[PDB]
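Encoded as structure tokens, the following chain is the form deposited in one PDB entry, with no partner shown.
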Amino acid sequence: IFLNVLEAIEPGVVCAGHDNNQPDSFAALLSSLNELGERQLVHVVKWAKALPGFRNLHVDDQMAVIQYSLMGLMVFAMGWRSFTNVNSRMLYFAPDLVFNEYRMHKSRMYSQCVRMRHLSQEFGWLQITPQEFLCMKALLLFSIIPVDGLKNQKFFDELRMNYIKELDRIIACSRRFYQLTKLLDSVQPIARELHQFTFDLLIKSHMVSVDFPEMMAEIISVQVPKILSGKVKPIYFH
């Protein structure tokens, strides 16, 4: 049942709407990445609310959790797409927004892209199955919270424990659990760098001609600073 549900609600392909015949400039690439974030968020919200037990969370906690984990969720899914499509050769953000070495450099996110390709490669090196991927991604949604707790922290804690149990069931083993939890932890440092980069970019967006959609601009200025200031922190296993 659990896996049936995860497979049924998994989001489909999402395009960035990037004009590929235009020069690879910083402004053009990040305006497209920003738009893609706006588009993937829409799918992530519907995905999360359809997750087993998610609705048990307080309404305000639901939105908060989705916004705090959006970056990591997108990174993880992206690494899996790149692995399954181009075999981690390039970064497959969207069918119409694939990053090669030139784009990695022009986006001024080269170092982060390298780490993301490393993650993508892990899917191959660890021979991660579609089921493991699905369970792990669901767990990622429940991996970052306010140090002072959510409105209803007990429900969240209960749910997170349940999802950890499901990952354990899919594996069933100790070596595998060690490897998968290590992989999940590796997403956070990456998300953090993207969060920092995104924040700085928003602040100076008017000077570098980069456009940010409404919802992304709100999340970057309201939720992301909470993470960068230490009020909201990821839940590491190790």
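Don't overthink the numbering: it's just position in the shown sequence, from 1.
Visitor: Select one of none, 1 to 3, 4 to 9, or 10 or more to describe the deposited residues without coordinates separating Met207 and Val208.
Guide: According to the record, the chain runs unbroken from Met207 to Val208.
Visitor: Looking at the deposited entry, does 154-162 or 80-88 carry the larger mean Cα B-factor?
Guide: According to the entry, 80-88 carries the higher average C-alpha B-factor.
Visitor: When the Cα temperature factors in the entry are averaged, is it 122-130 or 71-79 that ends up higher?
Guide: The entry gives the higher C-alpha B-factor average to 122-130.
Visitor: Can you tell me which of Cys173, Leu29, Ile66, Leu51 has the maximum CA B-factor listed in the PDB entry?
Guide: Among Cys173, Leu29, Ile66, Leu51, the highest C-alpha B-factor in the entry belongs to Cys173.
Visitor: Check where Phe177 lands among this chain's C-alpha B-factors and tell me if it's the lowest, middle or highest third.
Guide: Highest third of the chain for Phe177's C-alpha B-factor.
Visitor: Thinking about Cα B factors across the chain, which third does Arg192 belong to?
Guide: As the PDB entry reports it, the C-alpha B-factor of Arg192 lands in the lowest third of its chain.
Visitor: Is the Cα B-factor recorded for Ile220 in the lowest, middle or highest third of its chain?
Guide: CA B-factor rank for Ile220: lowest third.
Visitor: Against its chain's modelled residues, does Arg39's Cα B factor rank lowest, middle or highest third?
Guide: According to the entry, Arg39 has a C-alpha B-factor in the chain's middle third.
Visitor: For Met116, return the chain-relative third of its C-alpha B-factor as stated in the PDB record: lowest, middle or highest.
Guide: CA B-factor rank for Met116: middle third.
FYI, the form solved in complex with a partner chain isn't displayed, but the following is about it.
Visitor: Please determine, with the chain shown alone, which of 38-46, 189-197, 203-211, 23-31 has non-hydrogen atoms within 4.5 Å of its partner chain in the bound PDB entry.
Guide: That would be stretch 38-46.
Visitor: Sort through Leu183, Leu51, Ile171, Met63 and report the residue having a heavy atom within 4.5 Å of its partner chain in the bound PDB entry.
Guide: None of the other options qualify; the answer is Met63.
Visitor: Does each of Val59, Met215 and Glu218 have at least one heavy atom within 4.5 Å of its partner chain in the bound PDB entry?
Guide: Yes, the whole trio is in contact, each within 4.5 Å by some heavy atom.
Visitor: Verify the contact flag for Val222: yes if a non-hydrogen atom of it lies within 4.5 Å of a non-hydrogen atom of its partner chain in the bound PDB entry, no if not.
Guide: The answer is yes: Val222 has a heavy atom within 4.5 Å of its partner chain.
Visitor: Please determine whether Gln67 contacts its partner chain in the bound PDB entry, using a 4.5 Å cut-off between heavy atoms.
Guide: The answer is yes: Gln67 has a heavy atom within 4.5 Å of its partner chain.
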